[PDB]
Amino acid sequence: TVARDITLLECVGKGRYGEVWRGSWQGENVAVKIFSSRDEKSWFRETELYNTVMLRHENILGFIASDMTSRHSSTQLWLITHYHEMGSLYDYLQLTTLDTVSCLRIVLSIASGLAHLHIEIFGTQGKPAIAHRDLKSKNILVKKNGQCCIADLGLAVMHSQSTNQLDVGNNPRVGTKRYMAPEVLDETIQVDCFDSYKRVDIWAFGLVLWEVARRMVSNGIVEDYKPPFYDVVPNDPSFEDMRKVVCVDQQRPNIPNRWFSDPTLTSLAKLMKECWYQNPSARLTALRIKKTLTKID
């Protein structure tokens, strides 16, 4: 198989999800995500997704193959994709600051990535609508040309409008809590409705928008990298911790005033706020957000 022709070179990530390695395969770098036992359904669902739906897009992490392998004293579950040496947005934002152009390129490209997933394309070159359900800075990769690509589709949801059936899988994993929409947290989400799942992505996206914006320099100031809600939740926040801050207190990420000196960060502040409506139906769509980012300077 592919697994046995891969040589594993360097561990570049370690978490509750398992591990990420840089390895080589046919002389090309690849990322090998080795899944924890707790997350094996994600590997299954993502293997399934990648093997049923044509997802390939500049801003979706490029899939190579999935495989099992008899490794250590276990059978490892590996998902093998293209490799982005910059790492995640999370990693990258912590090593550097952005300018107007690099900020816009990052956030637009993610918008385009989200929009492509969310839309249904009809016909044999088409696809079902897909909702990610766990978008965050750690599972968006940064390419050297400055564009991003979305990974980690283990919790994805698909829907098609001809069939009007909704595939949610059978996954014990629910999203990353720090990024969880109000309606998910207070359990008011309309689970029968596909638009609900898209709308949770937008919330999450708006939180990412904020992480990124903080690192864009204006007039030679910039904010330190911070995860959304850093000031009001501890590390690894509970589902209950978040409900209190997001739903009960209706708190939203603080916009620093320095952003209002700058016409880009002013326009993105408006944008991220229209991703954070308590009312899901008031949130902008991926496509609209894409159209807007395309017109900002």
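Basically, rigid core = biggest C-alpha set you can superpose within 1.5 Å across the two forms. Note that residue numbering begins at 1 and tracks the sequence as displayed.
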| property | result |
| --- | --- |
| Stretch with greater C-alpha deviation in 6 other deposited structures of this protein, 101-109 versus 75-83 (rigid core superposition) | 75-83 |
| 59-67 against 32-40 - segment lying farther from this form in 6 other deposited structures of this protein (CA RMS, rigid core fit) | 32-40 |
| Residue 169 not built in a third or more of the other entries | yes |
| Residue 124: gap in at least one third of other compared structures | yes |
| 155-163 versus 206-214 - greater average Cα B-factor per the deposited record | 155-163 |
| Mean Cα B-factor comparison, 49-57 or 31-39, giving the higher one as deposited | 49-57 |
| 184, 129, 174, 149, ranked by C-alpha B-factor: the highest one | 174 |
| Which of 109, 100, 137, 76 ranks first by CA B-factor in the deposited coordinates | 100 |
| Modelled-residue ranking by C-alpha temperature factor, third containing residue 91 | lowest |
| CA B-factor placement of residue 113, once the chain's modelled residues are sorted into thirds | middle |
| Entry-reported Cα temperature factor of residue 20, expressed as the chain third it lands in | lowest |
| Ranked against its chain, the third holding the CA B-factor of residue 240 | highest |
| Chain-wide C-alpha B factor ranking for residue 231, given as lowest, middle or highest third | middle |
